[PDB]
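Residues 97 to 346, 349 to 1032 (the deposited numbering) make up the sequence shown, in order. Down below is the structure, laid out as structure tokens.
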Amino acid sequence: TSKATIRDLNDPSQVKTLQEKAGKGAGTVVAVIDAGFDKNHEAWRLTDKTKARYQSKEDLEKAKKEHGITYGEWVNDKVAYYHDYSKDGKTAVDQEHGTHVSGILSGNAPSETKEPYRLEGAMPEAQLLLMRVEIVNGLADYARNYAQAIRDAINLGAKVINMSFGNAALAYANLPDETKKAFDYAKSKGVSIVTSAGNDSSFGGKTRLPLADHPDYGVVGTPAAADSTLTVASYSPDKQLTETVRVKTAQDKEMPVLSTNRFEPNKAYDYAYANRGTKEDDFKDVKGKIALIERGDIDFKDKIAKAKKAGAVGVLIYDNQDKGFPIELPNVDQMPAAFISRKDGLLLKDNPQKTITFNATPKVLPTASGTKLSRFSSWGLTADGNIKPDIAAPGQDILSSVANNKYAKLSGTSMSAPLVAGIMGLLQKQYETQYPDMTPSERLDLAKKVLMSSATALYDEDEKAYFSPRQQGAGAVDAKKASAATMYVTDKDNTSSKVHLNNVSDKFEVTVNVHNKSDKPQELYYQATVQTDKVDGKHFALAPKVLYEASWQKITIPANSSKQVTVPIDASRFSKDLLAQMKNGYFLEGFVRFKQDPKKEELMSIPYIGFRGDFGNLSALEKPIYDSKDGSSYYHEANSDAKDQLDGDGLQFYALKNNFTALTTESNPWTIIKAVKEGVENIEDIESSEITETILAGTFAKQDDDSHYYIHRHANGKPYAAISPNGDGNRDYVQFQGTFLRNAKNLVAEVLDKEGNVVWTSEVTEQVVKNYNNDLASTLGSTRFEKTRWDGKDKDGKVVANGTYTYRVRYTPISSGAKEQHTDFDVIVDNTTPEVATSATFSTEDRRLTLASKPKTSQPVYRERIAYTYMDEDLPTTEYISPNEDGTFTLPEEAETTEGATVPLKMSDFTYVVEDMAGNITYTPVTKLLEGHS
Ligand SMILES: [Ca+2]
Ligand code: NA
């Protein structure tokens, strides 16, 4: 018959209450800017097209003509306009994400749908403008393209623009000027722009906690960092519509599942516990059953693959966290795989009857998380220190429209944003009747303030404190409270419903202006929470710590007026213990919460954030790896048995290892140097078995090579960085590699001669983004800055004199007024070629080679060796002999191949190779030394 909608069962943000007041979007236009869409999805329909702004393609083309828009097309009655702003892209168009976002905003699935419940988004009777943008030619081009989409959406009549995309940590200041002006244009026209906060958690990413020493751990980027947009974080309500399983316990019992691929509904499956699935013995009894597997130790896909190997028909993976979130499991060759909570997995593990049934229709059940901010949701602050996100909305396991007329659950701030966008659109409609004498810009400003003020500050029940405003903004959107609101709260300058205090001492004041738009005076009680970061050892826990709550005050605000209040804060008695945990300073933040009576529910809340310290001047760069006491850094674990081991790149394709602050250089072995100087064109895997390797400056192999490099240091503890700028590719240069804890600007390298002169300056790297993860899917843990490469030459192109120089790297934080920072390395330049024996004698009896003289080098000797190069399956293969203690070398008679065959060695196979610590090198055939007699 007529199917219920999802919202009929499950409306965590109370959208129905606002729809009762303001409608469902008929006659309104909204826009979605995303990566691609299924433009034909069944969810794209209007109940009554006669009420639409655009009743035909001709209506659309008329509006296109009035604004000089000569591109884009009408699609159907719902999708009034589509344009692809990134058609020069070579990659295939991804349709899932944009369709899913658009469905939350404006899906209107028919009752003929195959799904059990109709997807009905927040503004299901609005028309859509669908604008595709994707990164093709860099981020500035990308922002110019979505700036045009914004401008076109405004001029085609969109009242709301949803942008569920972003690039982490980027500064607003670095956006193209035309992108900044597009945001301002939307604001000036009363068009709301809603942005997703991002799914990057904090510095370090969703698998890591940031270090307590480094409080500027925000990763919100652009477009979200634009102040005029409304930026949306993700949380889980304490209940959610979910697919379920049924089990008989020690009575029936229903449990939430999140399934990848499809179990057979209404089928009783047997299941068997397989521990964490880390060995084959784990799966000894899963054949023909579902494998119950605890999260941990290994990847999900590995657990699932091994269960499939053992004959399992499906997989249940249960969390190793208490109060966790469902995680969408990977699709491994269509294997049914469902994620369940720890409590439910432990229940099944010890359950007598190991049988389980999957239900075909979903139902609302409590979440394992309770009311809790999503672990993936991006934290503020922005790069220049502004407060983002602004607000939170449900973004866990949201069911919406995807490609090919299908539906699926996705999690992300991308899902939270379009729900807020639809609430914004409907509240703007309400205000067209409620405040008709306001301009569109005034109504938009009011709507943003009311949404943020009326948003409910979410409370962390585990920590007994409100989640940080740098995680939840002004709280969880509530369309019922928003629609009912006749008041709102702002900072003292009336610019936004949040208070940014910048740097504070232990005593400060939180000032709020309380705005009353009703015709009657109103009395409110208000109380400030005072809170900071919880710390576990050396890490932020990414959880709140309450310090205290101020005493309740009250105020009466006259009708159609505003009144300022001030809450004094004094955290002085906490400072000793807080500095012990957060030695470079810490946030002092919280919410001013307003009620009609202290015993009633929260009516409004406004977040405030200050930083007890000097935020702008926090170190932007992680200290060089060389200075680490234990050899570890944020993204690099030391070898516990050899803290000075520090290997180079090897033959790795991706640079996932050894991400830290350091200088790079290159090791070029003598066989490659020789081949290049002889003009050999095809070297690798052909002329030599040795490799050119990018390594860390100041590292050196042992003479008997164990395949590792080790830091060497001057007696003063600085790394022994040294270069030989003679153009052979062996240690010719140094180049800065940085793990940036904070964004920075105007990064430049220069060389001081330690006599008072700058002798060389690099080109400037204008924009530096913090290394907020160490993952190919986002960013690596360190960045190599090619512009800083120093070839040992001065500003006139002349190699500097042999000596020690300061290689200085300068960079400035983004924060207003921050001082320039710098990090210095001593670098030795020495181009003296080793002076070595030109003759030798050879004793056949004991096979000892005696050199006529010993090496004389400017820098200390690095290696003095005899190489032998022998054929191994058509490849000249080089191994090395170290000197005897009497200075001779014992030459072997044969070598052994990898496959085990004996290869006789000839005198012509041996080469004498001497190298110093700057990379200066000589290589002489042993046969030439033996001929060095008259
Ligand atoms: Ca060199
Ligand atoms: Na609020």
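For every residue, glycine included, the Cβ atom is placed at its ideal position computed from N, Cα and C.
Within the same chain, 342, 366 come within 6 Å of residue 455 by CB-CB distance, once the 5 residues on both sides are set aside. For residue 352, the enclosing beta strand (DSSP E) starts and ends at 350–358. Comparing alpha carbon positions, the residue from 618, 951, 452 closest to residue 344 is 452. In the structure shown, the three-state DSSP call for residue 680 is coil. Per DSSP, residue 863 is one residue of the beta strand (DSSP E) stretching across 863–866.
A distance criterion of 8 Å places the beta-carbon of residue 1017 in contact range of ligand 1, judged by its closest non-hydrogen atom. Relative to ligand 2, the beta carbon of residue 595 is positioned inside 8 Å of a heavy atom. Fewer than three Cβ pairs drawn from the segment 914–928 and the segment 856–869 lie within less than 8 Å of each other, which leaves the two stretches out of contact. In the three-state scheme derived from DSSP, where H, G and I count as helix and E and B as strand, residue 836 is classed as strand. DSSP places residue 103 in the uninterrupted alpha helix (DSSP H) bounded by 102–105.
When the beta-carbon positions are compared, residue 959 and residue 1005 stay at least 9 Å from each other.
Looking at the DSSP output, residue 209 shares a beta bridge with no other residue. Residue 295 and residue 586 have their alpha carbons spaced roughly 29 Å apart. For residue 267 and residue 557, the gap between their C-alpha atoms comes out near 30 Å. Our two residues, residue 245 and residue 916, have alpha carbons roughly 35 Å apart in a direct line. A direct Cα-Cα distance of roughly 13 Å separates residue 213 from residue 138. Residues 134 of the same chain have their beta carbon placed closer than 7 Å to that of residue 502, with the five preceding and five following residues left out of the count.
Looking at the DSSP output, residue 692 bridges to 624, 702.
In this structure residue 1019 is in contact with residue 828, their Cβ atoms being roughly 6 Å apart against a cut-off of 8 Å. Near ligand 2, meaning a beta-carbon closer than 5 Å to one of its heavy atoms, we find 553, 572, 573, 703. Classified as buried, residue 355 has 16 or more neighbouring CB atoms from the shown chains inside 10 Å of its CB. At the C-beta level, residue 261 and residue 229 come within 9 Å of one another.
In this structure residue 943 is exposed. Its beta-carbon is surrounded by fewer than 16 other beta-carbon atoms within 10 angstroms.
Taking C-beta atoms as the reference points, residue 515 and residue 292 count as a pair closer than 9 Å.
Shown here for residue 541: same chain residues with a beta carbon closer than 8 Å to its own, the five before and five after excluded, namely 286, 526, 529, 530, 533 in chain order. Taking a contact as a CB-CB distance under 8 Å, the pair residue 505 and residue 211 counts as one, their CB atoms being some 6 Å apart. Here residue 196 is buried. Its C-beta has 16 or more other C-beta atoms within 10 Å. In the three-state DSSP reduction, residue 647 falls in the strand class (E or B).
Burial check for residue 969: the Cβ neighbour count within 10 Å stays below 16, so the residue is exposed.
Taken through DSSP and simplified to helix, strand or coil, residue 730 comes out as coil. A heavy atom of ligand 1 is found nearer than 8 Å to the CB of residue 827. Not one heavy atom of ligand 1 sits closer than 8 Å to the Cβ of residue 756.
Within 8 Å of the C-beta of residue 566 there is not a single heavy atom belonging to ligand 1. Residue 563 is classed as buried because its beta carbon has at least 16 other beta carbons within 10 Å across all chains shown.
Residue side-chain check: residue 889 keeps its Cβ at 8 Å or more from all non-hydrogen atoms of ligand 1.
Around the CB of residue 624, 16 or more other CB atoms lie within 10 Å, so the residue is classed as buried.
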